[PDB]
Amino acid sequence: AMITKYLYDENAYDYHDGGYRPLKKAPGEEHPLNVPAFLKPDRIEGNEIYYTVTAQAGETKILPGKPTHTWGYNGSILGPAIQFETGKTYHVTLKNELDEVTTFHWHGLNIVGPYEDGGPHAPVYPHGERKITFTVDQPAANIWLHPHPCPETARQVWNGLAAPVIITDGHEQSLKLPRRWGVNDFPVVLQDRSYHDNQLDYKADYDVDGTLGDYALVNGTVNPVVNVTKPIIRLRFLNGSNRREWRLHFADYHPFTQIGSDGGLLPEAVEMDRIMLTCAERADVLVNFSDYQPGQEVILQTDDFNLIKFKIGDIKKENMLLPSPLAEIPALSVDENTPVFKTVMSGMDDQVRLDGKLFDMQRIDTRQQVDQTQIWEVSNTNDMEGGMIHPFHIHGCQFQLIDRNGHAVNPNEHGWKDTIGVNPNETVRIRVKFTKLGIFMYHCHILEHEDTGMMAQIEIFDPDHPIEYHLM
């Protein structure tokens, strides 16, 4: 059965809000979609790989006329693609070339916190640096890098800091997926921005309930085009927006196949003709353009807005056959004695709260034991009328969903997730086993809600290896 509906509650979508800004056509001729080159290692020594990542200011040609003053990693905007391999050890030098404190958060990476995790306790000062070391121990996945300085996160992402990060492993490699980067394999970082004389002005456009931008910005480009040379194409979608939801479908509702979620390959491929992504959610999809003619143009839309133009070249038709099962996901074993943690998202605008509280850097809100599976019950108490879908995210883990309001979970939610849209009046039940010690954040990933303080801290502890944390 092909999925032919968006898998969140229509009553709560972003376009119902009184302050909603619809997308409008960005000026300029259409450009090829920007595909960032992979970051080259500084040094490769067996299982040890060395990287340098620098947050820096630059100028990006986005709109006709004056370039836009932007922030990027190793460049003017966004960042390079960063490859991690499961089992390998990474030595990363994190450099801040900006005039303000920043932070380097690997969203979706299983890593120790709060320092290596790169949350608000891991500042990198202007013209200073921080070194981290970590071994990757999680399956192949589409994750990302972005700043996490409390409470400047929304503005720093707005200014352009985000990088697509790809974990690869032997199993994913064995599938022989489309993997020519920028030919038949594309990162699709979806963002939205407003410009004033071609310049960013976050303060001018700021909205407490989540800042929307007038123009669709895909991988830091406006009016993007993909030239389809090979008919089977991989699109790694990331909702990199401050608040906006993306309701993705081709203008003719051409079907596509989701093969992956936040934390990796799904157990089974899922066919669909549309998909909705809340903030920080990823969807790895395959599209077969074989049934189009070598002159046609196929437009990917969000709602009724033209987002990416696919121009069909001299393609040779090809069958797309995936294995069943697609990947094995080890079930987290749960019983009646599994501890249950209840966390409640409430309010909107300036009145957002997590369990009735605003974030405090020195306050640990919950304590859970390492390597012991936990049930979380995640609630959104917003009214179904006037309410809001809050994308709930946990650091330092991937989790599995049990149920949505005691009913079956969405057909693309049977794998690893680190971010879930919680509908108004919904309780989502999830199970998670934290494998890394440290302090980790959990919060709404609407970045203005996060910055207001819709965020809390969890200590993952070992009762036979205790740690004293010194939080400022």
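Residues carry their position along the shown sequence, with the first being 1.
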Higher avg CA temperature factor (365-373 vs 190-198, as deposited) belongs to 365-373
With B-factors read from the PDB entry, the higher C-alpha mean of 329-337 and 252-260 is in 329-337
Return the residue from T302, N159, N319, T102 that has the highest Cα B-factor in the entry. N319
For the listed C150, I275, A154, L238, which has the peak Cα B-factor recorded in the PDB entry? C150
Could you tell me which third, lowest, middle or highest, the C-alpha B-factor of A26 occupies within its chain? middle
Split the chain's modelled residues into thirds by Cα B-factor; is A37 in the lowest, middle or highest one? middle
Among the chain's modelled residues, which third holds the C-alpha B-factor of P164? lowest
Ranked by Cα temperature factor within the chain, is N242 in the lowest third, the middle third or the highest third? lowest
Is the Cα B-factor recorded for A283 in the lowest, middle or highest third of its chain? lowest
